[PDB]
Amino acid sequence: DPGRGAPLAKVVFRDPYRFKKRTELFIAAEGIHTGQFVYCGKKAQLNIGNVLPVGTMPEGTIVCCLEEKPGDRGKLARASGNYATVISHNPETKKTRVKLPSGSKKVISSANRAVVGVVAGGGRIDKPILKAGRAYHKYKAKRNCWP
Amino acid sequence: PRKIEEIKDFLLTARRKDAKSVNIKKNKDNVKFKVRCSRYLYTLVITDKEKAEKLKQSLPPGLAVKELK
Amino acid sequence: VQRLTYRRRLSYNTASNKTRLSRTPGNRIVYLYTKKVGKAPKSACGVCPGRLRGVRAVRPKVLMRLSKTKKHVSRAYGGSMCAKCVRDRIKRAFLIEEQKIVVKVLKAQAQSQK
Amino acid sequence: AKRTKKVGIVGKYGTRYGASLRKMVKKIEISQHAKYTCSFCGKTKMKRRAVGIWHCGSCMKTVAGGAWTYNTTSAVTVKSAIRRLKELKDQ
Amino acid sequence: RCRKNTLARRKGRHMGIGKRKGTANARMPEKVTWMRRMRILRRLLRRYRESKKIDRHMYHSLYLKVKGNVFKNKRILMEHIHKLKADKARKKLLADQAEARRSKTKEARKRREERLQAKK
RNA sequence: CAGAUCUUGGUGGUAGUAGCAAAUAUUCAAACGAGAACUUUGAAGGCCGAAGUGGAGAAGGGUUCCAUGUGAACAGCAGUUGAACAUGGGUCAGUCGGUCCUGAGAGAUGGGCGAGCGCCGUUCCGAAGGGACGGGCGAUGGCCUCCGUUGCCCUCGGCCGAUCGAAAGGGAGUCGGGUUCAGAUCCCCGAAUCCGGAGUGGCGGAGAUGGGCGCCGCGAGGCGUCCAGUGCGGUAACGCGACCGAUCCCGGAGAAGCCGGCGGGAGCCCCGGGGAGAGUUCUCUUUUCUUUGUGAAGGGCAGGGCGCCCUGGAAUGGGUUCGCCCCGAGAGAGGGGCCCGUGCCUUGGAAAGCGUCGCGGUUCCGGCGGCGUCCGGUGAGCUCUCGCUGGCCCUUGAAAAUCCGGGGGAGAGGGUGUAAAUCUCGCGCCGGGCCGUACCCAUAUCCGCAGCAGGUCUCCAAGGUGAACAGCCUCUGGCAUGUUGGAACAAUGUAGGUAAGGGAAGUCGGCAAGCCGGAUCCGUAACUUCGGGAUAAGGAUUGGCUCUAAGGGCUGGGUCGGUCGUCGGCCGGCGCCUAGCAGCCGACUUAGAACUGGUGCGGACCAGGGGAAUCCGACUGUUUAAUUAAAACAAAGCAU
Ligand SMILES: [Zn+2]
């Protein structure tokens, strides 16, 4: 997806109340490869690139593309290779604490979903761009504000 | 145009109620029949001079014109 | 010696202006404007790179003309699941399709026996 | 080798950009270009396609791995723990 | 006036060192001079393999060797075959003479002992 | 009114003065004419020299286009000419574009805001669909058979945004010959094609024609009853001429960058022969020069491409490219299938075109005839196109209209001579509105106050030397030296050159011009981020003419006897192209040698002066359009 070092993934689902094929663009976790069965919901077991709501995943499980508030379809920790860690639930008041990529610990509402595993494309900023032009071509593909 | 490679066609392609004219031109050695129809110039190559006179009379109506050469 | 001209009124070497030359009976080399050569279909599988054999390759709107035998292959799933897939995915369908239904039978057995 | 003593791939840059920048790049323009072995076939035909996406040559399977390497060692240890956490979640 | 010149350029005139301005590559490139040589030492190489003067195994090694230009024209390949193929033969004649004698007396050893075990 | 650098109008001296100098160049004769340095024809000498002083277009101009005529005015001299002036004439489309589609964006209703013209906003706080198959009923119509048709209802439908936005993107199908003072894919002649209609079926062919049983009849065959038939071939890729089908779902085409390599095809060039016409023949030249074809759409076949199938299973690993690459996830090897087919033959097509030689129409015919449009070969050549395969990205390189294939089976159809359907199979009929269409496209028709050395988007792209679209000369084509001529040859200029001896002594400063300047063969330092420095520096050679050596393609295998028409198909018998030889063609190249020249030889043109240090900026890049091109800004890197 131009203007992003985290390549997406065209997942194909099935509408269970009509008849057609629905497609999405998940941020692709790392390890995901085509022809793979990605699950989605509350009773889908732990494995990489498989969304399940924080609260039904054990303490210490690394997630990405974590939602802020239930239903906004992914907002936190979704850059090119970042990951939010779950820390410790609180099965009363139904809350959870995540350690976002910056380091600030958040008291996130539970029941909001997050695809497991780090985001593919990691380790991007380890190559010196080395050129004036190579930075130019990078910022031309995004909001046009380079020099 | 269309190439036609026998005789029986040349009548079924020239007995039609819409056909317009027949051109029987004497190329240097073969013969060329060209019946003009509404969509094609149905050309028959026959290489026998002593067979064109057989096919000159046998045209469906008396119409043997207009020929050139 | 060549003194040629675009015969139409467009004079910019764009994509819909490519040309080929020819030699008219009056012995005059003149342009002729060529219709672009389209590409034959691909597989509906999506994971095979080659094109279809059997399906005539021509621009889209020309397909209003050709007979149905020129636009597909008598094979089931013809002209949409590639001829490599006709050798692969139509293979790979049955082998995937029959057996997976057969496994459902096996699991309907071991579960029901108990 | 014999053509160049201590540059390698980054000899296509000449006397520019300095020394230490080119040394740091020489370890990245070797990882990314070189062909890995696709785990689904064993045929060393897994070549980087764009940033963070990899393509095979014979299986025709794209794998979303690291940005200059088939896997970043954190992404492997994350795959590690999630396996271990899967038994504890289900005893 | 241009033909009379070109019929002299073919022979060697007007083409010394005083009539060259282009680089040695420009007059006749190195990529082409190599390229046309691989298509001659490969073509000859596979006109021999099917003609059965060399065999599968030799056609491989000669294929890698010519790729590292240890053979620089056709004659020195036509000859370097006449050295290998010839000394391969003499080794065979001293190989199919060694085992023919070695075993004949070995089964003739096996026969002479069997005519012993019958006659006690 | 004397004035105000006064307002408007007018006229002088300057002054018959400055000036009519950017890009080589004109001359002789003739014609109309009152008149000729300039107009027109002819002869000669020159240039633009295919990145054009050529042949066409888009913006823009708007009648400048073409013809007849004029000598007021303008064309900075003149003019018999014009881009001027006065009359007339000219722009022909189903297929060339516009219209259709969406792109960055623009925009209205719903909503919100606003004293207010209105504004924000584009799925966003909206009852946003006006359409369809079938079915039940009422109801006409025309042979109220049957179907075309109509109103109510039952069903079905996602509303995912009205509209606008490209004469270069997407977007079906037209080519050849001729024709006028100006138009020609537009007109005439001749060949084709797309779309739409087909309604009572305009006609053929296809789905459609079986089997058993019982009768009789020798049989040919016919007599009757059941039940079938919405097509066949190939193991396979797939093929055949059509071969029912909806709501719904899936996918494909439309539909993707830049660069490098290689190969196929074609146009141009080149070489060798035949012809037809030509310039030279003072002497030589089987002579040098022009010319030597076949459209669209079908049909057949060469030629490229395949990540298509089948047999079999490979390490004493192979095959294979310029580089690669691929292989038990099935190599080589044999057989087949598909796609592209711009190429060759053929229908069009010799009738036409073209080159010559000859008649008729004394005249305005687009007339009549003889001959020909033949046979070859090379290529790292150039241009255009097609197809493989790599490289580069922290760049991954357009949307929609439209058209298509697949799945699924709601429905239709007839009961044994015929149906319903043809993702039209071959034909046949009818229709294709509307607007643009001349010309210039630039040292003259455009913008700069003009016939201004400025500026303004593209296609076509010959011969020679040469690395080359460099520079220079020539052919097809074009022109009169760019708003004038004549006579001389002073100074000062402007633009070019050379100069004895010294060589920066000149000057703020080697400012300017001057040396070096290509290529082959030798040789190459301090420094260094080990890549560079480097064409470092510094040497030698270069002409002609005659030779030498080396670097390649295509073809090959026997007397003998009978049969078949020592020559050949066959047999049997032999040969064993057995070391690899023999014959025919074929392109430019590289190294060496002899001889010769007033030692000249990258002989015009094109083509670097070097070395040792200091300061500054890392570099490539950018800027003060019209005085500052830098040490200024940017920049990757570092860090808050
Ligand atoms: Zn693989």
# chains A, B, ... in the order shown; residues from 1 in each chain; ligands from 1
>>> interface_residues(of="chain C", to="chain F", cutoff="6 Å", atoms="only C-alpha atoms (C1' of nucleotides)", output="ChimeraX atom specification")
/C:1,3-5,11-12,24-27,41,44,53,60-61,68,77,79-80
>>> residues_near_ligand(ligand="ligand 1", cutoff="12 Å", atoms="only C-alpha atoms (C1' of nucleotides) and all ligand atoms", output="list in words")
residues 33 and 34 of chain A; 35, 36, 37, 38, 39, 40, 41, 42, 43, 44, 45, 46, 47, 54, 55, 56, 57, 58, 59, 60, 61, 62 and 63 of chain D; 329 of chain F
>>> interface_residues(of="chain D", to="chain A", cutoff="8 Å", atoms="only C-alpha atoms", output="PDB file with N, CA, C and O atoms, in the first residue's frame")
ATOM      1  N   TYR D  17      29.203   9.546   0.289  1.00  0.00           N
ATOM      2  CA  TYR D  17      28.423   9.173   1.465  1.00  0.00           C
ATOM      3  C   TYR D  17      29.285   8.801   2.662  1.00  0.00           C
ATOM      4  O   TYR D  17      28.765   8.609   3.761  1.00  0.00           O
ATOM      5  N   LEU D  21      28.740   5.179   6.885  1.00  0.00           N
ATOM      6  CA  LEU D  21      27.409   4.969   6.328  1.00  0.00           C
ATOM      7  C   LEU D  21      27.405   3.816   5.339  1.00  0.00           C
ATOM      8  O   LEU D  21      26.484   2.995   5.341  1.00  0.00           O
ATOM      9  N   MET D  24      27.539   0.400   7.101  1.00  0.00           N
ATOM     10  CA  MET D  24      26.265   0.004   7.692  1.00  0.00           C
ATOM     11  C   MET D  24      25.270  -0.452   6.637  1.00  0.00           C
ATOM     12  O   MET D  24      24.371  -1.240   6.935  1.00  0.00           O
ATOM     13  N   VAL D  25      25.408   0.041   5.409  1.00  0.00           N
ATOM     14  CA  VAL D  25      24.490  -0.335   4.343  1.00  0.00           C
ATOM     15  C   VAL D  25      24.882  -1.676   3.736  1.00  0.00           C
ATOM     16  O   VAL D  25      24.027  -2.430   3.261  1.00  0.00           O
ATOM     17  N   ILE D  28      22.883  -4.535   4.589  1.00  0.00           N
ATOM     18  CA  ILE D  28      21.461  -4.502   4.276  1.00  0.00           C
ATOM     19  C   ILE D  28      21.209  -4.702   2.789  1.00  0.00           C
ATOM     20  O   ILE D  28      20.237  -5.351   2.403  1.00  0.00           O
ATOM     21  N   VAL D  51       8.841  -3.458   0.090  1.00  0.00           N
ATOM     22  CA  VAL D  51       9.156  -3.380   1.510  1.00  0.00           C
ATOM     23  C   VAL D  51       8.249  -4.337   2.267  1.00  0.00           C
ATOM     24  O   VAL D  51       7.024  -4.329   2.101  1.00  0.00           O
ATOM     25  N   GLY D  52       8.853  -5.216   3.052  1.00  0.00           N
ATOM     26  CA  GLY D  52       8.108  -6.078   3.934  1.00  0.00           C
ATOM     27  C   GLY D  52       7.198  -7.082   3.269  1.00  0.00           C
ATOM     28  O   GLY D  52       6.262  -7.555   3.921  1.00  0.00           O
ATOM     29  N   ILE D  53       7.423  -7.428   2.006  1.00  0.00           N
ATOM     30  CA  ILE D  53       6.650  -8.468   1.338  1.00  0.00           C
ATOM     31  C   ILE D  53       7.588  -9.312   0.487  1.00  0.00           C
ATOM     32  O   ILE D  53       8.476  -8.782  -0.188  1.00  0.00           O
ATOM     33  N   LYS D  61       3.685 -18.073  -3.573  1.00  0.00           N
ATOM     34  CA  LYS D  61       3.117 -17.693  -2.285  1.00  0.00           C
ATOM     35  C   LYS D  61       3.849 -16.478  -1.755  1.00  0.00           C
ATOM     36  O   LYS D  61       5.061 -16.541  -1.539  1.00  0.00           O
ATOM     37  N   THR D  62       3.123 -15.392  -1.505  1.00  0.00           N
ATOM     38  CA  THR D  62       3.719 -14.203  -0.915  1.00  0.00           C
ATOM     39  C   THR D  62       3.680 -14.306   0.602  1.00  0.00           C
ATOM     40  O   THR D  62       2.661 -14.684   1.180  1.00  0.00           O
ATOM     41  N   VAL D  63       4.788 -13.963   1.244  1.00  0.00           N
ATOM     42  CA  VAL D  63       4.923 -14.053   2.689  1.00  0.00           C
ATOM     43  C   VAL D  63       5.326 -12.690   3.219  1.00  0.00           C
ATOM     44  O   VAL D  63       6.348 -12.141   2.801  1.00  0.00           O
ATOM     45  N   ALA D  64       4.542 -12.151   4.145  1.00  0.00           N
ATOM     46  CA  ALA D  64       4.797 -10.813   4.669  1.00  0.00           C
ATOM     47  C   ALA D  64       5.803 -10.911   5.799  1.00  0.00           C
ATOM     48  O   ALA D  64       5.432 -10.998   6.966  1.00  0.00           O
ATOM     49  N   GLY D  65       7.082 -10.882   5.459  1.00  0.00           N
ATOM     50  CA  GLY D  65       8.122 -10.945   6.462  1.00  0.00           C
ATOM     51  C   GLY D  65       8.744  -9.597   6.743  1.00  0.00           C
ATOM     52  O   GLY D  65       8.126  -8.561   6.496  1.00  0.00           O
ATOM     53  N   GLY D  66       9.970  -9.600   7.254  1.00  0.00           N
ATOM     54  CA  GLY D  66      10.667  -8.384   7.619  1.00  0.00           C
ATOM     55  C   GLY D  66      10.885  -7.446   6.455  1.00  0.00           C
ATOM     56  O   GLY D  66      10.462  -7.740   5.336  1.00  0.00           O
ATOM     57  N   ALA D  67      11.541  -6.315   6.698  1.00  0.00           N
ATOM     58  CA  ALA D  67      11.682  -5.307   5.659  1.00  0.00           C
ATOM     59  C   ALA D  67      12.966  -5.444   4.861  1.00  0.00           C
ATOM     60  O   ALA D  67      13.027  -4.974   3.722  1.00  0.00           O
ATOM     61  N   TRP D  68      13.999  -6.057   5.430  1.00  0.00           N
ATOM     62  CA  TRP D  68      15.203  -6.381   4.683  1.00  0.00           C
ATOM     63  C   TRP D  68      15.623  -7.828   4.850  1.00  0.00           C
ATOM     64  O   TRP D  68      16.734  -8.181   4.446  1.00  0.00           O
ATOM     65  N   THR D  72      12.628 -10.899  11.322  1.00  0.00           N
ATOM     66  CA  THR D  72      13.331 -10.089  12.302  1.00  0.00           C
ATOM     67  C   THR D  72      13.249 -10.796  13.644  1.00  0.00           C
ATOM     68  O   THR D  72      12.162 -11.193  14.069  1.00  0.00           O
ATOM     69  N   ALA D  75      10.377 -10.884  15.667  1.00  0.00           N
ATOM     70  CA  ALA D  75       9.184 -11.509  15.106  1.00  0.00           C
ATOM     71  C   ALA D  75       9.233 -13.018  15.255  1.00  0.00           C
ATOM     72  O   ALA D  75       8.195 -13.685  15.205  1.00  0.00           O
ATOM     73  N   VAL D  78       8.399 -13.581  19.065  1.00  0.00           N
ATOM     74  CA  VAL D  78       6.965 -13.408  19.270  1.00  0.00           C
ATOM     75  C   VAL D  78       6.221 -14.659  18.828  1.00  0.00           C
ATOM     76  O   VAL D  78       5.301 -15.126  19.507  1.00  0.00           O
ATOM     77  N   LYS D  79       6.608 -15.225  17.686  1.00  0.00           N
ATOM     78  CA  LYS D  79       6.053 -16.506  17.272  1.00  0.00           C
ATOM     79  C   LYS D  79       6.374 -17.590  18.289  1.00  0.00           C
ATOM     80  O   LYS D  79       5.605 -18.541  18.457  1.00  0.00           O
ATOM     81  N   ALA D  81       6.741 -17.190  21.820  1.00  0.00           N
ATOM     82  CA  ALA D  81       5.934 -17.086  23.031  1.00  0.00           C
ATOM     83  C   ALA D  81       4.480 -17.442  22.767  1.00  0.00           C
ATOM     84  O   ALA D  81       3.859 -18.160  23.559  1.00  0.00           O
ATOM     85  N   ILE D  82       3.923 -16.974  21.649  1.00  0.00           N
ATOM     86  CA  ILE D  82       2.515 -17.231  21.364  1.00  0.00           C
ATOM     87  C   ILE D  82       2.250 -18.726  21.294  1.00  0.00           C
ATOM     88  O   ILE D  82       1.154 -19.194  21.620  1.00  0.00           O
ATOM     89  N   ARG D  83       3.245 -19.507  20.874  1.00  0.00           N
ATOM     90  CA  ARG D  83       3.092 -20.950  20.979  1.00  0.00           C
ATOM     91  C   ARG D  83       3.020 -21.375  22.436  1.00  0.00           C
ATOM     92  O   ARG D  83       2.102 -22.100  22.828  1.00  0.00           O
ATOM     93  N   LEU D  85       2.267 -19.595  25.090  1.00  0.00           N
ATOM     94  CA  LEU D  85       1.058 -19.096  25.732  1.00  0.00           C
ATOM     95  C   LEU D  85      -0.182 -19.864  25.304  1.00  0.00           C
ATOM     96  O   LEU D  85      -1.216 -19.758  25.965  1.00  0.00           O
ATOM     97  N   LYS D  86      -0.108 -20.628  24.216  1.00  0.00           N
ATOM     98  CA  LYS D  86      -1.296 -21.317  23.730  1.00  0.00           C
ATOM     99  C   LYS D  86      -1.634 -22.534  24.586  1.00  0.00           C
ATOM    100  O   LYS D  86      -2.808 -22.895  24.713  1.00  0.00           O
ATOM    101  N   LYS D  89      -3.124 -21.104  28.113  1.00  0.00           N
ATOM    102  CA  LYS D  89      -4.511 -20.682  27.954  1.00  0.00           C
ATOM    103  C   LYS D  89      -5.456 -21.878  27.975  1.00  0.00           C
ATOM    104  O   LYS D  89      -6.622 -21.753  28.365  1.00  0.00           O
TER     105      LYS D  89
END
>>> residues_around(residues="segment 80-89 of chain E", least_positions_apart="6", cutoff="12 Å", atoms="only C-alpha atoms (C1' of nucleotides)", output="list in words")
residues 41, 44, 45, 48, 49, 52, 53, 54, 55, 57, 58, 59, 61, 62, 65, 66, 70, 71, 72, 73, 74, 95 and 96 of chain E; 579 and 580 of chain F
>>> residues_around(residues="segment 594-603 of chain F", least_positions_apart="4", cutoff="7 Å", atoms="only C-alpha atoms (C1' of nucleotides)", output="PyMOL selection string")
(chain E and resi 18+21) or (chain F and resi 518+542-543)
>>> write_last_selection(atoms="C-alpha atoms (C1' of nucleotides)", output="PDB file, in the first residue's frame")
ATOM      1  CA  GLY E  18      45.727   7.160 -38.855  1.00  0.00           C
ATOM      2  CA  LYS E  21      38.948   7.997 -34.095  1.00  0.00           C
TER       3      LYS E  21
ATOM      4  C1'   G F 518      41.317  11.324 -31.441  1.00  0.00           C
ATOM      5  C1'   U F 542      49.777   7.352 -37.259  1.00  0.00           C
ATOM      6  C1'   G F 543      50.257   8.816 -44.793  1.00  0.00           C
TER       7        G F 543
END
>>> interface_residues(of="chain C", to="chain A", cutoff="12 Å", atoms="only C-alpha atoms", output="number ranges by chain")
C: 45-47
>>> write_last_selection(atoms="N, CA and C atoms", output="PDB file, in the first residue's frame")
ATOM      1  N   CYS C  45      -8.254 -18.579 -10.549  1.00  0.00           N
ATOM      2  CA  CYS C  45      -7.560 -19.008  -9.343  1.00  0.00           C
ATOM      3  C   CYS C  45      -6.782 -17.858  -8.730  1.00  0.00           C
ATOM      4  N   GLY C  46      -6.128 -17.058  -9.565  1.00  0.00           N
ATOM      5  CA  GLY C  46      -5.394 -15.900  -9.117  1.00  0.00           C
ATOM      6  C   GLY C  46      -3.930 -16.140  -8.819  1.00  0.00           C
ATOM      7  N   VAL C  47      -3.514 -17.393  -8.655  1.00  0.00           N
ATOM      8  CA  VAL C  47      -2.155 -17.716  -8.248  1.00  0.00           C
ATOM      9  C   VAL C  47      -1.389 -18.433  -9.357  1.00  0.00           C
TER      10      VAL C  47
END
>>> interface_residues(of="chain F", to="chain D", cutoff="12 Å", atoms="only C-alpha atoms (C1' of nucleotides)", output="number ranges by chain")
F: 307, 325-327, 329, 391-396, 528-533, 618-620, 635-637
>>> closest_atom_pairs(of="chain E", to="chain F", cutoff="10 Å", atoms="only C-alpha atoms (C1' of nucleotides)", output="Markdown table")
| residue | atom | partner | partner_atom | distance |
| --- | --- | --- | --- | --- |
| E:1 | CA | F:464 | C1' | 9.5 |
| E:2 | CA | F:464 | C1' | 7.2 |
| E:9 | CA | F:588 | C1' | 9.6 |
| E:10 | CA | F:588 | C1' | 7.4 |
| E:12 | CA | F:589 | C1' | 9.5 |
| E:13 | CA | F:545 | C1' | 8.5 |
| E:14 | CA | F:544 | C1' | 8.5 |
| E:16 | CA | F:542 | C1' | 7.6 |
| E:17 | CA | F:542 | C1' | 5.2 |
| E:18 | CA | F:542 | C1' | 4.4 |
| E:19 | CA | F:602 | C1' | 7.3 |
| E:20 | CA | F:519 | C1' | 5.6 |
| E:21 | CA | F:518 | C1' | 4.9 |
| E:22 | CA | F:467 | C1' | 4.1 |
| E:23 | CA | F:467 | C1' | 6.4 |
| E:24 | CA | F:519 | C1' | 7.9 |
| E:25 | CA | F:467 | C1' | 8.5 |
| E:26 | CA | F:467 | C1' | 5.0 |
| E:27 | CA | F:467 | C1' | 6.6 |
| E:28 | CA | F:589 | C1' | 7.7 |
| E:29 | CA | F:380 | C1' | 8.1 |
| E:31 | CA | F:322 | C1' | 7.2 |
| E:32 | CA | F:380 | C1' | 6.1 |
| E:33 | CA | F:380 | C1' | 8.9 |
| E:34 | CA | F:322 | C1' | 7.9 |
| E:35 | CA | F:322 | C1' | 5.3 |
| E:36 | CA | F:322 | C1' | 8.7 |
| E:37 | CA | F:551 | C1' | 9.4 |
| E:38 | CA | F:322 | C1' | 8.2 |
| E:39 | CA | F:322 | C1' | 9.3 |
| E:40 | CA | F:552 | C1' | 8.5 |
| E:56 | CA | F:318 | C1' | 8.4 |
| E:57 | CA | F:316 | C1' | 8.2 |
| E:60 | CA | F:318 | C1' | 8.0 |
| E:63 | CA | F:320 | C1' | 9.6 |
| E:72 | CA | F:551 | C1' | 9.8 |
| E:73 | CA | F:551 | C1' | 7.6 |
| E:74 | CA | F:551 | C1' | 9.3 |
| E:78 | CA | F:580 | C1' | 9.9 |
| E:82 | CA | F:579 | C1' | 9.6 |
| E:86 | CA | F:579 | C1' | 10.0 |
>>> residues_around(residues="residue 14 of chain B", least_positions_apart="5", cutoff="10 Å", atoms="only C-alpha atoms (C1' of nucleotides)", output="count of residues only")
13
>>> select_by_dssp(residues="chain B", states="alpha helix (DSSP H)", output="ChimeraX atom specification")
/B:8-12,49-57
>>> write_last_selection(atoms="N, CA, C and O atoms", output="tab-separated table (two decimals), in the first residue's frame")
chain	number	residue	atom	x	y	z
B	8	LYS	N	-20.35	-26.77	-58.38
B	8	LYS	CA	-21.73	-26.79	-57.90
B	8	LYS	C	-22.05	-25.58	-57.04
B	8	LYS	O	-23.19	-25.11	-57.00
B	9	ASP	N	-21.05	-25.07	-56.32
B	9	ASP	CA	-21.24	-23.83	-55.58
B	9	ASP	C	-21.54	-22.66	-56.51
B	9	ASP	O	-22.41	-21.84	-56.21
B	10	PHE	N	-20.84	-22.58	-57.64
B	10	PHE	CA	-20.91	-21.38	-58.46
B	10	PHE	C	-22.31	-21.13	-59.00
B	10	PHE	O	-22.61	-20.01	-59.40
B	11	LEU	N	-23.17	-22.14	-59.00
B	11	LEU	CA	-24.56	-21.90	-59.32
B	11	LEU	C	-25.37	-21.57	-58.08
B	11	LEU	O	-26.11	-20.58	-58.06
B	12	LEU	N	-25.20	-22.34	-57.00
B	12	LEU	CA	-25.85	-22.01	-55.74
B	12	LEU	C	-25.42	-20.65	-55.21
B	12	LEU	O	-26.09	-20.10	-54.33
B	49	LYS	N	-9.30	-23.41	-70.29
B	49	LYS	CA	-10.00	-22.67	-71.34
B	49	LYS	C	-11.10	-23.51	-71.98
B	49	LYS	O	-12.21	-23.02	-72.20
B	50	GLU	N	-10.81	-24.78	-72.26
B	50	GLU	CA	-11.82	-25.63	-72.88
B	50	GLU	C	-12.89	-26.08	-71.90
B	50	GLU	O	-13.64	-27.01	-72.20
B	51	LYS	N	-12.96	-25.45	-70.72
B	51	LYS	CA	-14.05	-25.64	-69.78
B	51	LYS	C	-14.84	-24.36	-69.50
B	51	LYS	O	-15.95	-24.44	-68.97
B	52	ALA	N	-14.29	-23.20	-69.86
B	52	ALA	CA	-15.02	-21.95	-69.66
B	52	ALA	C	-16.19	-21.82	-70.62
B	52	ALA	O	-17.24	-21.28	-70.26
B	53	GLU	N	-16.02	-22.30	-71.86
B	53	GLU	CA	-17.12	-22.28	-72.82
B	53	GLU	C	-18.25	-23.20	-72.39
B	53	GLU	O	-19.42	-22.96	-72.72
B	54	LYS	N	-17.92	-24.27	-71.66
B	54	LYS	CA	-18.96	-25.08	-71.03
B	54	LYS	C	-19.69	-24.28	-69.96
B	54	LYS	O	-20.90	-24.43	-69.78
B	55	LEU	N	-18.96	-23.44	-69.24
B	55	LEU	CA	-19.55	-22.67	-68.15
B	55	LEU	C	-20.04	-21.30	-68.60
B	55	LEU	O	-20.67	-20.59	-67.82
B	56	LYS	N	-19.74	-20.91	-69.84
B	56	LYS	CA	-20.23	-19.62	-70.33
B	56	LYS	C	-21.72	-19.70	-70.65
B	56	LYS	O	-22.48	-18.79	-70.31
B	57	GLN	N	-22.14	-20.78	-71.30
B	57	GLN	CA	-23.56	-20.94	-71.64
B	57	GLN	C	-24.39	-21.28	-70.41
B	57	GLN	O	-25.53	-20.80	-70.29
>>> select_by_dssp(residues="chain A", states="strand (DSSP E or B)", output="ChimeraX atom specification")
/A:8-14,21-27,29,33,40,51-53,62-64,66,76,84-90,95-99,105-109,113-116,119
>>> write_last_selection(atoms="C-alpha atoms", output="compact mmCIF listing (two decimals), in the first residue's frame")
# COMPACT_ATOMS: atom_id res chain seq x y z
CA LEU A 8 -1.69 -4.99 3.88
CA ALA A 9 -3.47 -8.28 3.18
CA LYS A 10 -6.64 -9.01 1.21
CA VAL A 11 -8.59 -11.35 3.49
CA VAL A 12 -11.73 -12.92 2.00
CA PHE A 13 -14.65 -13.76 4.29
CA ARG A 14 -18.20 -15.08 3.86
CA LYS A 21 -17.79 -12.88 -0.82
CA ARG A 22 -16.60 -9.97 1.30
CA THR A 23 -13.06 -8.63 1.29
CA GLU A 24 -11.08 -6.60 3.82
CA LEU A 25 -7.65 -5.00 4.17
CA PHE A 26 -6.12 -6.11 7.44
CA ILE A 27 -2.75 -4.81 8.48
CA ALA A 29 0.97 -9.44 10.91
CA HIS A 33 1.24 -15.76 3.82
CA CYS A 40 -11.86 -13.81 13.58
CA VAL A 51 -7.83 -11.36 15.75
CA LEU A 52 -9.42 -12.04 19.14
CA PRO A 53 -10.65 -9.57 21.75
CA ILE A 62 1.62 -9.35 21.99
CA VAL A 63 -1.05 -7.73 19.82
CA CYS A 64 -1.11 -5.16 17.05
CA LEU A 66 -5.48 -2.82 18.66
CA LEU A 76 -3.40 1.49 18.10
CA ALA A 84 1.13 -3.40 21.92
CA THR A 85 1.60 -5.80 24.82
CA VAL A 86 -1.16 -6.97 27.12
CA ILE A 87 -0.24 -6.87 30.82
CA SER A 88 -2.95 -7.73 33.35
CA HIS A 89 -6.70 -8.05 33.04
CA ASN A 90 -9.27 -7.04 35.65
CA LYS A 95 -10.85 -3.47 31.82
CA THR A 96 -7.35 -4.30 30.63
CA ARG A 97 -3.94 -2.64 30.60
CA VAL A 98 -1.81 -2.50 27.44
CA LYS A 99 1.72 -1.17 26.99
CA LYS A 105 0.51 2.13 29.83
CA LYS A 106 -3.16 2.54 28.92
CA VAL A 107 -6.28 1.33 30.71
CA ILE A 108 -8.08 0.07 27.61
CA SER A 109 -11.65 -1.18 27.63
CA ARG A 113 -10.14 -6.74 19.29
CA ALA A 114 -6.52 -6.90 18.18
CA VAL A 115 -4.76 -9.09 15.60
CA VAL A 116 -1.94 -11.09 17.20
CA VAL A 119 3.23 -5.95 12.16
>>> atom_distance(atom1="atom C1' of residue 367 of chain F", atom2="atom CA of residue 63 of chain B")
28.1 Å
>>> closest_atom_pairs(of="chain F", to="chain B", cutoff="10 Å", atoms="only C-alpha atoms (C1' of nucleotides)", output="CSV")
residue,atom,partner,partner_atom,distance
F:191,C1',B:1,CA,7.9
F:192,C1',B:1,CA,8.5
F:297,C1',B:1,CA,8.1
F:298,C1',B:2,CA,7.1
F:299,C1',B:3,CA,7.6
F:346,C1',B:3,CA,8.4
F:347,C1',B:3,CA,4.8
F:348,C1',B:1,CA,6.3
F:350,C1',B:27,CA,8.7
F:351,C1',B:68,CA,7.3
F:427,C1',B:39,CA,9.5
F:428,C1',B:18,CA,8.4
